[PDB]
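Shown here is one chain on its own, the form deposited in one PDB entry, set out as structure tokens.
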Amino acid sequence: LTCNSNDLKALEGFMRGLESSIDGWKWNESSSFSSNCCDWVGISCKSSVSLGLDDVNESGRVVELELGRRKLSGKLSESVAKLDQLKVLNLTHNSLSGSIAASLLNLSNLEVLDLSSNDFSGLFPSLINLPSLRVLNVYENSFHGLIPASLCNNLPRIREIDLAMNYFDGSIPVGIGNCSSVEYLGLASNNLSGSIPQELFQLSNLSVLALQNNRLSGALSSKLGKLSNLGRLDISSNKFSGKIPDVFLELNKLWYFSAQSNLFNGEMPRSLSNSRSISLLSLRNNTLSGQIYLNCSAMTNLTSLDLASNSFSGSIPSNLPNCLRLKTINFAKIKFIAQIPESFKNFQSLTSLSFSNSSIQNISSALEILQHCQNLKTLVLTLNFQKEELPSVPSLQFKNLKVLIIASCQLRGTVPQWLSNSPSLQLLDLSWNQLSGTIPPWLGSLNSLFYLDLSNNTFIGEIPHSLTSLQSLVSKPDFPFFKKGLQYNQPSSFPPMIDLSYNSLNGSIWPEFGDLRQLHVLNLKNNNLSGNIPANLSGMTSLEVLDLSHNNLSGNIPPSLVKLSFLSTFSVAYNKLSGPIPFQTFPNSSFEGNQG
């Protein structure tokens, strides 16, 4: 309750290292805030008696400094190491900088050091004496150099070591094997290199090992089988090569395994195909090969499977619907040279599916099957079914479908009306096909649709008026997409768009487009459009991109469109237009090919 005087000196030193005052602390000698540091915010005290200090003069001792998200700036003063009873130092998510005093890593009573999300820099101190530390958390800072080779010399109680999102380099020190009690080890997102020292596989209590985003190389040792408590293993984005070891019977707690973007080859180990515990599996972007085999009686926890962008061949496994928890499958860039199995009509757990660029044949059969997966919300068929016909068979219904992408298939046919059976559609991409006919008016009736890519087809006739009444354009999970490659994490990462470009469309642009106030992107380029440009286009308040180029448009560019305050890209190029322009800031390539 009454602040120890030596702790006050120490906290005073701590304040001196800061750029700005902490509210509630007595920052200067002026008796406004109380002088008792135990009264201050972020400071917790315990009596000297309860800490087992036998001093005749009792006092409250500072046991906890909890400063998270305080906008603290400046260095971490060497004086903090003068708080000899400090158990918890939590400075997470502040603006702090400078290097770390070796004195801090000398505190005998410290349980928790959380410096995460700051700007700290320099070498990490090589001598670390923290006999009481449970938690070493430096995640997201600017530290560089070798990980201290002596790191585990004195850390007898260590549970969590998080060095992730820093600049550390070199190999994982062989001494890492002496952190016997460690449960969480993150090294992820550093500069680390070389092979994993065999010594790491001695850490028997390890439940989370995160190595992703480094330069680590060599093989993945069969000694991995020794880390028997592993829940989560992430080796993604490294230089690892060879085969994935067959040790997954031994890791029976492993629910998360990500090896993606490595050099792995060979078949998936059969034990992984039998793993009872595995929930998230991502092997994508390797050289893995063979027939894909999954034992669905065994893998009852499997919820997400990403084998994409691998060297596998053979058929699409027909037993997959029997993995009854499996909700998401990314099978893209596996060259099946096959049809989707009929059993897929029974895959009722499936919510997300991508066969993109997988050599799938017979879109007719494929869709007649997949319509029966009642929970399917997203489907990616891009780059398959080359030159085939997009079936108009009316009996097709994808009821819960949110996202439908079949692009760059060169598909013949028209926009099929059975798509109106997907009333909750958010994203539709039919682009880069051979599609013909007119653009169906019922598209305007889809109240959740914010993204429509019809571009690069043979479409003729008018722009349907209903598009100007599109509700989501008028008014206000993991398996990412790439746009042709820029990554988008979910459907809503795509800004609302109408792309009708590279068709034969005719008629004019409707004034009612000005009703679409949530539209970010309108691309009408390379059509046969005629008439004027409505002044009502000034009504689309969210418009960023408007490309009318390569059309037959005439008249004046309405000065009113100057009212579009977010408009970042504008092209009227290669039309026939005349008169003044309101906007001096758009390049000439935007106005060129007009006369006037």
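The first residue of the sequence shown is number 1, and the count goes up from there. Take the two forms, superpose them, and find the largest set of C-alpha atoms that agree within 1.5 Å; that set is the rigid core.
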Task: Missing residues, deposited sequence, between residue 476 and residue 477 (class: none, 1 to 3, 4 to 9, 10 or more) - done: 4 to 9
Task: Count class of deposited residues lacking coordinates, residue 157 to residue 158 - done: none
- [ ] State which stretch shows the higher mean Cα B factor in the entry: 381 to 389 or 325 to 333.
- [x] 381 to 389
Task: Per the entry, higher mean C-alpha B factor between 300 to 308 and 198 to 206 - done: 198 to 206
- [ ] Pick out which of 435, 251, 176, 136 has the highest C-alpha B-factor in the PDB entry.
- [x] 435
Task: From 140, 499, 114, 368, residue of greatest CA B-factor - done: 368
Open item on the list: Test of reading the entry: by CA B factor among the chain's modelled residues, which third contains residue 567?
Closed with: middle
Task: Ranked C-alpha temperature factor of residue 359 among modelled chain residues, by third - done: middle
Task: Third of the chain, ranked by Cα B-factor, where residue 10 sits - done: lowest
- [ ] Sort the modelled residues of this chain by their C-alpha B factor and say whether residue 53 lands in the lowest, middle or highest third.
- [x] lowest
Open item on the list: When the deposited Cα B-factors of this chain's modelled residues are ordered and cut into thirds, is residue 237 in the lowest, the middle or the highest one?
Closed with: lowest
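There is another form of the same protein, the form deposited in another entry; it is not shown, and what comes next is about it.
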Task: Residue among 533, 529, 546, 43 whose Cα moves 2 Å or more between this form and the one not shown, once the rigid core is superposed - done: 43
Task: Core fit, then residue 11 C-alpha moves 2 Å or more between this form and the one not shown - done: yes
Open item on the list: With a threshold of 2 Å on the C-alpha, tell me if residue 73 counts as moved between this form and the one not shown once the core is superposed.
Closed with: yes
TODO: Spell out whether the Cα of residue 572 moves at least 2 Å between this form and the one not shown when the two forms are superposed on their rigid core.
DONE: no
